[PDB]
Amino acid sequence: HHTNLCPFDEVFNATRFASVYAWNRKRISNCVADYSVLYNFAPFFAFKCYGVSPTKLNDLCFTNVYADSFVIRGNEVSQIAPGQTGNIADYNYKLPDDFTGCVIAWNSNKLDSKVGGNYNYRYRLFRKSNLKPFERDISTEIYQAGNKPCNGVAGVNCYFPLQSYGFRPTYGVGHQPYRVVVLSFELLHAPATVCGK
């Protein structure tokens, strides 16, 4: 009946991250979490919480915590926030307007950029409508951009919806990969299983 530390190491220090269009979610429960330790970790150049101060998180208990993680390029980090628009916020990973969690991001050029490009990190370029908050769309159907059906064949007005980042070490920080972790806190009519120290 011993309470263990939450496995944040498995999220923040995973060898590879998911593509943003297929963003990973880790459900965290029945453990003790030290959020102030994460907050004071200097390599987290982006650490932002909404409606709550990051040092208050250690005083709170929740039913579950969700850790979403993925990779985007540097100049898209600002889209991982409530009320944002753009290709990532609209078509890949959407936060709700009333979000009250935290967003963490750090440069991952050394891990995710590859000589010759890392084309395995992808994002959705074409989509007909915006994602709902916390929606994950992994469809690879040919995108119909005209009045004629595509029938699964790319061509005029018929495009593959996913595009590769192709991360390379020689890109500037705006186009280098950044690993992102989004923490959401869930409160239900149930005993809380995740508390701070």
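Note that residue numbering begins at 1 and tracks the sequence as displayed.
Peer 1: Quick check: 185-193 versus 170-178, which has the larger average CA B-factor in the record?
Peer 2: Per the PDB record, 185-193.
Peer 1: Taking only the CA atoms, which stretch has the higher mean B-factor in the record, 37-45 or 157-165?
Peer 2: Looking at the recorded C-alpha B-factors, 37-45 comes out higher on average.
Peer 1: Have a look at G51, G146, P133, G152 and flag the one whose Cα has the highest B-factor in the entry.
Peer 2: It is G152.
Peer 1: If you check the C-alpha B-factor for each of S129, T63, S139, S69 in the entry, which is highest?
Peer 2: Result of the comparison over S129, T63, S139, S69: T63.
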